[PDB]
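We begin with a single chain expressed as structure tokens, specifically the form deposited in one PDB entry.
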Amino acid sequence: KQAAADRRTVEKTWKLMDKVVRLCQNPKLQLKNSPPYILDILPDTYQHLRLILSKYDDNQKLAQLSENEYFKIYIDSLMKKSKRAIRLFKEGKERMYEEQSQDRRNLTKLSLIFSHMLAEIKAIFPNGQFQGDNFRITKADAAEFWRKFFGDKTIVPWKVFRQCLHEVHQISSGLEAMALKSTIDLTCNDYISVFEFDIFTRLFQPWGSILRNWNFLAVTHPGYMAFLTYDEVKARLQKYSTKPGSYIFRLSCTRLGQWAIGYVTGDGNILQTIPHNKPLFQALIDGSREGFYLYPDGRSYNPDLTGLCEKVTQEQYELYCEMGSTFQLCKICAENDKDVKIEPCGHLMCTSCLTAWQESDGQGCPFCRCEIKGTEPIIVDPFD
């Protein structure tokens, strides 16, 4: 239940965003030349919110804008993530100037979220005018699923989304649904917009086997590198510059919904290819056959991807989730946040999962089997 997105509220986010920009202007961090460039994303976010206000330039237009379900979620999320970034500098202290630290890692995670939020608002409010109820989902079979379950909604809670997705593509576990959430919920706000749904369905098409494509291509494929800048792709492949056909595929925060395959050419150079509006597995199959994509991440074994033309372990889902921000999500249901701690073992879960466990098995903690001497409500930050 977020507050109305009135002018007063919108401006509170600008002041919080200016605070993040000031903290990030410190030369000790060296963030001026540090992607995704938070010192560029936050001013651009300001200019977009300003462009939107110019389009809703009267009291009646401001009343419609402040009631817009997507806009309220956006401003509330922008507010939350900005406060989170200020809190990161407050508690990180000198560990913010060390590039390998977890505090710096969390700032890169926040910088990626602000990048995704900016691309989202520009897609939903092109030219500052709301067009979410007329957003074009690139895949028709994915568009039909969205229209079927959510009508003309532009954004829906993750918990409603997951359940409706399960009705068409079965999700096998709590860890799989958590890995899935960190993949689709790019803005890390516990909601899925039609834009985030379009990116996910473009990346892992065809829709008919989208969870098999995602499990193979992203959860277990050695060639998958998640978000990388081109300099990082080159740095990764430089080790294998002596092995033509070495390759990796990555996401690009400036080309959402598309893949970029970086590869070692016969003459030692590192080049990249952006596949067309076709499945990534077909581009990898064609490239393997043609001698360009042979060794994923320089490794001799290239997985057989032909099965996708016509089994992931719980540990693999756990490693996959580490990169994202899902530590606050209940591992059992993957739909509610952790809000209770079991005493004395310290394991965490949501209130309703603990009540369900207590009425079903209840013979110790559902994770370690230790006797439940007590419970204590808690608030979990994604970076705890």
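Each form is matched to the other, and the largest set of C-alpha atoms that superpose within 1.5 Å is called the rigid core. Heads up: residue numbers just count along the shown sequence, starting at 1.
Just so it is clear, the following notes concern the form solved in complex with a partner chain, a form of the same protein that is not shown.
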request  = Check, residue by residue, if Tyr230, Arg250 and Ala260 all come within 4.5 Å of its partner chain in the entry with it bound, counting heavy atoms only.
outcome  = yes
request  = Select from the listed residues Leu271, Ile86, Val160, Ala226 the one whose heavy atoms reach within 4.5 Å of its partner chain in the entry with it bound.
outcome  = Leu271
ask   = Quick one: of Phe292, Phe130, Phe135, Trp146, which gets a non-hydrogen atom within 4.5 angstroms of its partner chain in the entry with it bound?
value = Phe292
ask   = Could you tell me if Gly245 has a non-hydrogen atom within 4.5 Å of its partner chain in the entry with it bound?
value = no
inquiry  = Considering non-hydrogen atoms and a 4.5 Å limit, does its partner chain approach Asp297 in the entry with it bound?
reply    = no
message = With the partner left out here, check for me: in the entry with it bound, does some heavy atom of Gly174 sit within 4.5 Å of its partner chain?
response = no
inquiry  = Considering non-hydrogen atoms and a 4.5 Å limit, does its partner chain approach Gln170 in the entry with it bound?
reply    = no
query = Thinking of its partner chain in the entry with it bound, which stretch from 193-201, 252-260, 208-216, 113-121 has heavy atoms inside 4.5 Å of it?
reply = 252-260
query = With the two forms superposed on the core, which of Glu98, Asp133, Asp286, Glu91 shows a CA shift of 2 angstroms or more between this form and the one not shown?
reply = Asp286
key: Threshold 2 Å Cα movement between this form and the one not shown for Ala260, core superposed   = yes
request  = Please say whether, between this form and the one not shown, the C-alpha of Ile75 moves by 2 Å or more once the core is aligned.
outcome  = no
task = Would you tell me if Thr201 moves between this form and the one not shown by 2 Å or more at its C-alpha, with the rigid core held superposed?
result = no
request  = Once you account for a change of 3 Å or more, let me know if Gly262 and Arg104 sit closer or farther in the entry with it bound, using their C-alpha atoms.
outcome  = closer
query = Quick one: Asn277 and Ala123 C-alpha atoms, closer or farther in the entry with it bound compared with this form (3 angstroms or more)?
reply = farther
